[PDB]
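Colleague: For reference, the file structure-v4.cif (mmCIF, C-alpha atoms and all ligand atoms) is included below:
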data_coords
loop_
_atom_site.label_atom_id
_atom_site.label_comp_id
_atom_site.auth_asym_id
_atom_site.auth_seq_id
_atom_site.Cartn_x
_atom_site.Cartn_y
_atom_site.Cartn_z
CA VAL A 1 0.39 12.80 29.09
CA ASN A 2 0.34 16.12 27.06
CA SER A 3 -1.72 17.54 24.08
CA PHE A 4 0.87 17.10 21.25
CA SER A 5 -0.39 14.74 18.47
CA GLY A 6 1.17 13.09 15.38
CA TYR A 7 4.84 13.36 16.41
CA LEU A 8 7.49 10.78 15.63
CA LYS A 9 9.57 9.95 18.73
CA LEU A 10 13.34 10.32 18.05
CA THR A 11 14.65 9.83 21.61
CA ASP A 12 13.48 9.64 25.22
CA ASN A 13 12.78 13.43 25.14
CA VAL A 14 12.80 14.66 21.49
CA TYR A 15 9.80 14.42 19.14
CA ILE A 16 9.43 15.73 15.57
CA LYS A 17 6.57 16.49 13.17
CA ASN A 18 6.09 18.12 9.74
CA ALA A 19 4.04 21.12 10.84
CA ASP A 20 3.66 24.86 10.62
CA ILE A 21 4.71 25.98 14.12
CA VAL A 22 2.14 28.81 13.95
CA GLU A 23 -0.75 26.38 13.25
CA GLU A 24 0.63 23.92 15.82
CA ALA A 25 0.83 26.62 18.53
CA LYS A 26 -2.69 27.87 17.74
CA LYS A 27 -4.08 24.26 18.03
CA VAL A 28 -2.08 23.12 21.14
CA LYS A 29 -1.62 26.44 23.04
CA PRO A 30 1.52 24.98 24.66
CA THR A 31 3.04 26.39 27.85
CA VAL A 32 6.14 27.46 25.83
CA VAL A 33 6.61 28.13 22.14
CA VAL A 34 10.17 28.88 21.04
CA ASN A 35 10.84 31.73 18.61
CA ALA A 36 13.82 31.72 16.27
CA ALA A 37 14.77 35.22 17.38
CA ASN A 38 17.58 37.61 16.52
CA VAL A 39 19.37 39.71 19.15
CA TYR A 40 17.21 42.78 18.34
CA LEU A 41 13.93 40.81 18.57
CA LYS A 42 13.09 42.14 15.08
CA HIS A 43 10.56 39.54 13.96
CA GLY A 44 10.69 40.17 10.21
CA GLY A 45 10.72 36.76 8.55
CA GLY A 46 11.15 33.05 8.96
CA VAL A 47 9.61 31.57 12.07
CA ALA A 48 9.75 34.91 13.91
CA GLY A 49 7.94 36.83 11.19
CA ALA A 50 5.27 34.13 11.04
CA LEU A 51 4.75 33.96 14.84
CA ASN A 52 4.64 37.74 15.09
CA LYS A 53 2.11 38.04 12.24
CA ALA A 54 -0.14 35.49 14.02
CA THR A 55 -0.11 37.79 17.12
CA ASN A 56 -1.22 40.79 14.98
CA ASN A 57 2.17 42.43 15.76
CA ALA A 58 1.63 42.29 19.55
CA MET A 59 4.81 40.17 19.86
CA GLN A 60 6.80 42.96 18.11
CA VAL A 61 5.29 45.70 20.31
CA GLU A 62 6.20 43.75 23.47
CA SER A 63 9.65 42.95 22.08
CA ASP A 64 10.43 46.60 21.26
CA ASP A 65 9.63 47.58 24.87
CA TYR A 66 11.90 44.69 26.09
CA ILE A 67 14.82 45.90 23.94
CA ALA A 68 14.30 49.56 24.89
CA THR A 69 14.66 48.48 28.57
CA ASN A 70 17.30 45.71 28.39
CA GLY A 71 19.23 46.12 25.16
CA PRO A 72 19.89 43.29 22.73
CA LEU A 73 20.14 39.60 23.58
CA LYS A 74 23.40 37.67 23.17
CA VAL A 75 23.83 35.18 20.32
CA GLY A 76 23.13 31.90 22.16
CA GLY A 77 20.87 33.69 24.67
CA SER A 78 17.17 33.98 25.27
CA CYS A 79 14.37 35.80 27.06
CA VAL A 80 10.92 34.76 28.16
CA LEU A 81 8.05 37.01 26.99
CA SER A 82 4.34 36.55 26.51
CA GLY A 83 3.02 33.83 24.18
CA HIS A 84 0.08 36.11 23.26
CA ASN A 85 -2.62 34.04 21.47
CA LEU A 86 -0.17 31.21 20.64
CA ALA A 87 1.12 29.91 23.99
CA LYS A 88 1.41 30.89 27.63
CA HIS A 89 5.01 32.03 27.11
CA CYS A 90 7.33 32.60 24.17
CA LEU A 91 10.96 31.69 24.72
CA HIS A 92 12.86 33.90 22.23
CA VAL A 93 16.13 32.03 21.53
CA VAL A 94 18.95 33.41 19.38
CA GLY A 95 20.69 30.75 17.31
CA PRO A 96 23.78 31.72 15.37
CA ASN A 97 23.21 33.29 11.98
CA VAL A 98 25.75 31.59 9.64
CA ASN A 99 24.94 34.36 7.06
CA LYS A 100 26.45 36.87 9.67
CA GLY A 101 29.69 34.78 10.35
CA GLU A 102 28.30 33.92 13.90
CA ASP A 103 29.93 30.90 15.52
CA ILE A 104 28.06 27.61 14.92
CA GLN A 105 29.46 26.42 18.30
CA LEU A 106 26.92 28.91 19.81
CA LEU A 107 24.11 26.61 18.62
CA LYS A 108 24.70 24.32 21.62
CA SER A 109 24.49 27.34 23.98
CA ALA A 110 21.23 28.36 22.25
CA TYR A 111 19.67 24.92 22.81
CA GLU A 112 20.75 24.92 26.49
CA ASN A 113 18.08 27.59 27.10
CA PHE A 114 15.43 24.89 26.42
CA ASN A 115 16.55 23.00 29.55
CA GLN A 116 14.97 25.72 31.76
CA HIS A 117 11.52 24.57 30.56
CA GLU A 118 9.94 21.14 31.12
CA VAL A 119 8.10 21.02 27.77
CA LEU A 120 8.47 23.18 24.63
CA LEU A 121 7.14 23.46 21.08
CA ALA A 122 10.15 24.62 18.99
CA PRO A 123 11.68 25.00 15.53
CA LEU A 124 15.15 23.75 14.70
CA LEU A 125 17.45 26.57 15.82
CA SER A 126 19.63 28.25 13.21
CA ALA A 127 17.72 26.42 10.41
CA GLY A 128 15.83 28.11 7.59
CA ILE A 129 16.95 31.70 6.97
CA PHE A 130 19.63 31.46 9.73
CA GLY A 131 21.67 29.37 7.26
CA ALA A 132 22.80 26.34 9.35
CA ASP A 133 22.48 22.71 8.27
CA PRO A 134 19.20 21.48 9.83
CA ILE A 135 20.60 17.92 10.16
CA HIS A 136 23.34 19.37 12.39
CA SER A 137 20.79 21.45 14.32
CA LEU A 138 18.74 18.30 15.07
CA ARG A 139 21.87 16.45 16.27
CA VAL A 140 22.80 19.36 18.60
CA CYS A 141 19.22 19.48 19.85
CA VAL A 142 19.19 15.74 20.70
CA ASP A 143 22.64 15.93 22.34
CA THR A 144 21.87 19.13 24.35
CA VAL A 145 18.19 19.34 25.34
CA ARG A 146 17.16 17.07 28.23
CA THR A 147 13.61 18.45 28.66
CA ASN A 148 10.76 17.39 26.42
CA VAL A 149 10.89 19.14 23.06
CA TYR A 150 8.35 18.89 20.24
CA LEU A 151 10.04 20.04 17.00
CA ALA A 152 8.04 21.64 14.16
CA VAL A 153 9.71 21.24 10.69
CA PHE A 154 7.96 23.38 8.04
CA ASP A 155 9.65 21.67 4.99
CA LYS A 156 8.19 18.13 4.36
CA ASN A 157 11.22 17.13 2.14
CA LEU A 158 13.47 18.30 5.02
CA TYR A 159 11.30 16.52 7.62
CA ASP A 160 11.66 13.26 5.66
CA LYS A 161 15.47 13.75 5.28
CA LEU A 162 15.82 14.48 9.04
CA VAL A 163 13.90 11.28 9.93
CA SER A 164 15.59 9.06 7.29
CA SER A 165 19.15 10.17 8.27
CA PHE A 166 18.60 10.17 12.09
CA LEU A 167 21.16 8.09 14.01
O1 LIG B 201 11.67 23.62 7.34
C1 LIG B 201 12.22 24.09 8.36
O2 LIG B 201 11.65 24.06 9.44
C2 LIG B 201 13.58 24.73 8.27
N1 LIG B 201 14.01 24.71 6.89
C3 LIG B 201 15.36 24.55 6.57
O3 LIG B 201 16.16 24.48 7.40
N2 LIG B 201 15.68 24.49 5.18
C4 LIG B 201 17.02 24.26 4.76
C5 LIG B 201 16.89 22.83 4.28
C6 LIG B 201 18.16 22.35 3.72
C7 LIG B 201 18.75 23.28 2.67
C8 LIG B 201 18.80 24.72 3.05
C9 LIG B 201 17.49 25.17 3.64
#
Represent the structure from my file as structure tokens, please.

Modeller:
Amino acid sequence: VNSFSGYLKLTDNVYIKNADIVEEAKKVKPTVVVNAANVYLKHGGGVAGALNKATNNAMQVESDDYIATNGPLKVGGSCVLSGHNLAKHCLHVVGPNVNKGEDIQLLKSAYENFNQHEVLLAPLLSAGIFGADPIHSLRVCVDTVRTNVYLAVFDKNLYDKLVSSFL
């Protein structure tokens, strides 16, 4: 038994809810929240801008030190950093940016990072401002992640489409 409430169960391990991931993380304080990161950990907008704003920019300060030491992530890659006031840890995962001509096949590699964590609160990777089809992202998630993932969909019309079209 865990603290997540109000989710629809899609599969043995994947759950979904219409929720603001920021508000969900603040309420639940999960072990792991996933950020929709870019390779530079520049948290300007979308999920990343919203998570970073909720940390009062502490996520960005920590991220800039990480990049100064390690250089950029790979597309499809991840790093574990602090969750600040939102979670114990933040798993920063880089989904492909379709708007940058970045291979959609890298979305499966991105989701494989979730398998290193038993339970996660996450957005749909490469959705929103990363330009991928969120229906596709949900399918890759279900077919790739084996650990328990609680998906936060900000768009209610999209949430309802994802549920109503789910095979
Ligand atoms: O709400 C979310 O969590 C992510 N939002 C989207 O992925 N929106 C797309 C919906 C379909 C058309 C393009 C934008």

Colleague: Residues contacting ligand LIG 201 (chain B) - anything with an atom at most 9 Å away, using all atoms listed in the file - can you give me those as a compact mmCIF listing (two decimals) with C-alpha atoms, keeping the file's coordinate frame?

Modeller:
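Writing the result to selection-v1.txt gives the following:
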# COMPACT_ATOMS: atom_id res chain seq x y z
CA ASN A 18 6.09 18.12 9.74
CA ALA A 19 4.04 21.12 10.84
CA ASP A 20 3.66 24.86 10.62
CA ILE A 21 4.71 25.98 14.12
CA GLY A 46 11.15 33.05 8.96
CA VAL A 47 9.61 31.57 12.07
CA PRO A 123 11.68 25.00 15.53
CA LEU A 124 15.15 23.75 14.70
CA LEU A 125 17.45 26.57 15.82
CA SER A 126 19.63 28.25 13.21
CA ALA A 127 17.72 26.42 10.41
CA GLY A 128 15.83 28.11 7.59
CA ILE A 129 16.95 31.70 6.97
CA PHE A 130 19.63 31.46 9.73
CA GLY A 131 21.67 29.37 7.26
CA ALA A 132 22.80 26.34 9.35
CA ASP A 133 22.48 22.71 8.27
CA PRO A 134 19.20 21.48 9.83
CA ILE A 135 20.60 17.92 10.16
CA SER A 137 20.79 21.45 14.32
CA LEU A 151 10.04 20.04 17.00
CA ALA A 152 8.04 21.64 14.16
CA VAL A 153 9.71 21.24 10.69
CA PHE A 154 7.96 23.38 8.04
CA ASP A 155 9.65 21.67 4.99
CA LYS A 156 8.19 18.13 4.36
CA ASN A 157 11.22 17.13 2.14
CA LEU A 158 13.47 18.30 5.02
CA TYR A 159 11.30 16.52 7.62

Colleague: As lines of an AutoDock Vina configuration file, please: the centre and edge lengths in Å, to one decimal, of an axis-aligned box enclosing every listed atom of range 71-83 of chain A with 4 Å added on each side.

Modeller:
center_x = 13.4
center_y = 39.0
center_z = 24.2
size_x = 28.8
size_y = 22.2
size_z = 15.8

Colleague: Calculated over only C-alpha atoms, which of the candidates A:119, A:37, A:32, A:59 has the smallest distance to residue 94 in chain A?

Modeller: A:37

Colleague: For a cutoff of 9 Å around the file-coordinate point (9.4, 17.2, 25.2), which residues qualify once you count only C-alpha atoms? I'd like the result as a ChimeraX atom specification.

Modeller: /A:12-15,118-121,146-151

Colleague: Mind checking which residues fall within 12 Å of residue 65 in chain A, counting only C-alpha atoms, ignoring those fewer than 4 positions away in the same chain, and posting them as a list in words?

Modeller: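 Surrounding residues, per the criterion: residues 40, 41, 42, 58, 59, 60, 61, 69, 70, 71, 72 and 81 of chain A.
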
Colleague: Could those residues be written to a file, using C-alpha atoms, as a PDB file, in the coordinates of the input?

Modeller:
ATOM      1  CA  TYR A  40      17.210  42.780  18.340  1.00  0.00           C
ATOM      2  CA  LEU A  41      13.930  40.810  18.570  1.00  0.00           C
ATOM      3  CA  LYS A  42      13.090  42.140  15.080  1.00  0.00           C
ATOM      4  CA  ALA A  58       1.630  42.290  19.550  1.00  0.00           C
ATOM      5  CA  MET A  59       4.810  40.170  19.860  1.00  0.00           C
ATOM      6  CA  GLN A  60       6.800  42.960  18.110  1.00  0.00           C
ATOM      7  CA  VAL A  61       5.290  45.700  20.310  1.00  0.00           C
ATOM      8  CA  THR A  69      14.660  48.480  28.570  1.00  0.00           C
ATOM      9  CA  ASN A  70      17.300  45.710  28.390  1.00  0.00           C
ATOM     10  CA  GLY A  71      19.230  46.120  25.160  1.00  0.00           C
ATOM     11  CA  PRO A  72      19.890  43.290  22.730  1.00  0.00           C
ATOM     12  CA  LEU A  81       8.050  37.010  26.990  1.00  0.00           C
TER      13      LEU A  81
END

Colleague: CA of residue 108 in chain A to CA of residue 140 in chain A: how many Å, to one decimal?

Modeller: 6.1 Å

Colleague: So how far away is CA of residue 163 in chain A from CA of residue 2 in chain A, in Å?

Modeller: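 Separation of CA of residue 2 in chain A and CA of residue 163 in chain A: 22.4 Å.
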
Colleague: Every residue with an atom at most 10 Å from (17.9, 24.6, 24.9) (file coordinates; all atoms listed in the file) is what I'm after, so could you write them as a ChimeraX atom specification?

Modeller: /A:34,76-78,91,93,107-117,120,122,125,140-142,144-147,149

Colleague: Identify which of the residues A:5, A:89, A:164, A:102 lies closest to residue 33 in chain A, counting only C-alpha atoms when measuring atom-to-atom distances.

Modeller: A:89

Colleague: Distance CA of residue 86 in chain A-CA of residue 49 in chain A, one decimal place?

Modeller: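 Straight-line distance from CA of residue 86 in chain A to CA of residue 49 in chain A works out to 13.7 Å.
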
Colleague: Excluding same-chain residues fewer than 2 positions from residue 101 in chain A, what lies within 12 Å of it counting only C-alpha atoms, as a list in words?

Modeller: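 Skipping anything fewer than 2 positions along the chain leaves residues 75, 96, 97, 98, 99, 103, 104, 105, 106, 130, 131 and 132 of chain A.
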
Colleague: Give me the residues within 12 Å of residue 62 in chain A as an MDAnalysis selection string, counting only C-alpha atoms and dropping any in the same chain fewer than 5 places off.

Modeller: chainID A and resid 41:43 52 55:57 67:69 79:84 90 92
